[PDB]
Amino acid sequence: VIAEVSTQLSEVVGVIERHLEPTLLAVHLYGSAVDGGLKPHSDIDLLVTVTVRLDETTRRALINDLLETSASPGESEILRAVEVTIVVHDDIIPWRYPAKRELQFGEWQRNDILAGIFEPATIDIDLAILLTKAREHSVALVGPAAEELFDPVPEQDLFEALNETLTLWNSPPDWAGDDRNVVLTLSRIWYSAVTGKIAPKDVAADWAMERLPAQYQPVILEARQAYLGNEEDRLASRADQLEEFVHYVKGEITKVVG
């Protein structure tokens, strides 16, 4: 997608306001929209803070409505994948690890939502990472700056969430659908574990590529190119090369000490 993003952004915030205006504290645009800039496959990352949990019916109304504002990756030249994370004030302030996520919407749910599966509130270790990103780079579309609203996420909580995330990826079906992002996410986790910082997918990829034995450099170079829209994503082609990359990078992450 190469289209100006302000139209779809205003549609998505209109849906959020329509359901949540009376309990809304903040809407923050974050992720690559604010840090590095949207690339052809980039989603729109929104973080919504409410003062009270949602009624079940409000969860379903909002999830259904958000799906109508969103397009499956590669199915639209004008609409990006939309991602909305809702946190309840008293669940995330004061900061505790791990924290409860009230709601998340994203295109990975499309099938579920169309079958009437509405994901309920859960522990989400990923909030340690999302709130660290949002506090550093975001736009308050409404309410206070992320920096002021959210407590700092301790670096030990960041470090633990980065290492725990690696439990998701052990064998090839665990990354079957999502080969480019698992590769770029491994590079970002490795980068963040050594640096304590967060980098866009291409910056983390180039950092990783410097620090890899030459055998592992090709898979991350292909992922970095596909992220920038420069080359095709043919990472599923080279299945064995992918799993060796994953095992190699996980081992290198595991070596990084706190």
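All residue numbers refer to positions in the sequence shown, first residue = 1.
Q: On mean Cα temperature factor in this entry, is 30 to 38 or 211 to 219 the higher one?
A: Result of the comparison: 211 to 219.
Q: Looking only at CA atoms, which has the higher mean B factor in the entry: 188 to 196 or 224 to 232?
A: Between 224 to 232 and 188 to 196, it is 224 to 232 that shows the higher mean C-alpha B-factor.
Q: Between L131, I123, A176, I92, which carries the biggest CA temperature factor in the record?
A: So the option with the highest C-alpha B-factor is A176.
Q: Pull the Cα B-factor of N170 out of the PDB entry and bin it into the chain's lowest, middle or highest third.
A: Its C-alpha B-factor belongs to the highest third of this chain's values.
Q: Using the B-factors in the PDB entry, rank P154's C-alpha atom against the chain and give the third, lowest, middle or highest.
A: It belongs to the middle third of the chain when residues are ordered by C-alpha B-factor.
Q: What third of its chain, lowest, middle or highest, does the C-alpha temperature factor of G143 fall into?
A: Middle third of the chain for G143's C-alpha B-factor.
Q: Sorting the chain's CA B-factors, does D55 end up in the lowest, middle or highest third?
A: Highest third, going by the recorded CA B-factors of the chain.
Q: Could you say whether, by C-alpha temperature factor, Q104 belongs to the lowest, middle or highest third of its chain?
A: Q104: CA B-factor falls in the lowest third of its chain.
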